[PDB]
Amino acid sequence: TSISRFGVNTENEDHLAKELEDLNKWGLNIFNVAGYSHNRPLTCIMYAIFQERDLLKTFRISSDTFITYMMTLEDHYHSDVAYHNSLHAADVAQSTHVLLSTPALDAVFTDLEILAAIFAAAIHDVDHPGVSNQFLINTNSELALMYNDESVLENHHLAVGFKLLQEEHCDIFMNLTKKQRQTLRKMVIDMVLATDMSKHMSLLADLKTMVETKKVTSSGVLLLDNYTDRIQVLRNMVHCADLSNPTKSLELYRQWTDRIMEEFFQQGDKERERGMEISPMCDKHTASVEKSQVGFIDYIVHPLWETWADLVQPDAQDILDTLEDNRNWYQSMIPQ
């Protein structure tokens, strides 16, 4: 009955259960969850999140339909891609789960909005080929042609996550009302489209203008009046979870950095063999891993998370302290 307890099959139930004590914490170790779940971290963590939040009961999803859909989704993440594989998706889903329960956001979101955000996080990189939108554009990929060069992969992650609902015994949304399905689909599209880094500067600028005029209860909880403000917060939340690696404990962050660099270098080798110019950050002969992380934190991660932390103050205090310390550590590790 480990299938009834967990998403999944494992003989080391005690160890998996110990890791999952941290389900609601930023300090969860998703590498260990993967080790104790026969490398099904996405199925295992999603089943745990849905049990924890009572989402199967709320939306009348049988455990069989949910497990079937998650196993199929996880199968459609490529295990030969070094970073954008189901461990990443599992991490983003679990990080989203933690951020939804930030105290400044208590009682703000409906159950449909919670369901939408965790599902968007789970599907947001499905069927990633391990090369960038600009690679696909530069090689005249059918995917780039079909979406007119715009949010190429992100459009494709949506198309695959939604198509898999149509597989036998996979429709996790079968018992939502018609209107609830229409609203969830729109929300999920908005959140997955907001993971395209080409949109980051405009997302952040909007988020800042939102912090400027936020309303807060005594208790310090945010009042988010309308739909438009709620989906703005949710698009940024999923984006923050996608950009969360450098805010994790250093031992986790180092493992994420090893993986994104291996995936970049494998792209650069494909470029080189094709007689193409090698994309920035993808030439293993010239990369400076530690310099590059400091830049990434200074120009992208830290401005995003300081703004997020302003919105949910003081909830993200420890996240910012960890981020700053990891920045200093990587800078200190620049060779010479």
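The first residue of the sequence shown is number 1, and the count goes up from there. The term rigid core refers to the maximal set of C-alpha atoms that superpose within 1.5 Å between the two forms.
Farther on average from this form in 8 other deposited structures of this protein lies stretch 211-219, the comparison being between 211-219 and 86-94 by RMS Cα distance after core superposition. Relative to the displayed structure, the C-alphas of 268-276 lie farther away on average in 8 other deposited structures of this protein than those of the other candidate, with 293-301 and 268-276 compared after rigid core superposition.
The records show that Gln331 is included in the coordinate set of every other eligible entry of this protein, so it is not omitted in a third of them. Per-stretch averaging of Cα B factors for 273-281 and 39-47 places 273-281 on top. A summary of the deposited B-factors shows that, of 139-147 and 248-256, the stretch with the larger mean C-alpha value is 139-147. For the set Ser292, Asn29, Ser63, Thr307, the maximum C-alpha B-factor listed in the entry falls on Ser63. The residue among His239, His128, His169, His124 whose C-alpha carries the highest B-factor in the deposited model is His169. In this PDB entry, the Cα temperature factor of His97 sits in the bottom third of its chain's modelled residues, the lowest group. Among the modelled residues of its chain, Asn12 has a C-alpha B-factor that falls in the highest third, as given in the PDB entry. Ranked by C-alpha B-factor against the other modelled residues of its chain, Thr322 falls in the middle third. The PDB entry assigns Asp75 a C-alpha temperature factor belonging to the middle third of its chain's modelled residues. In the PDB entry, a CA B factor belonging to the lowest third of its chain's modelled residues is recorded for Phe162.
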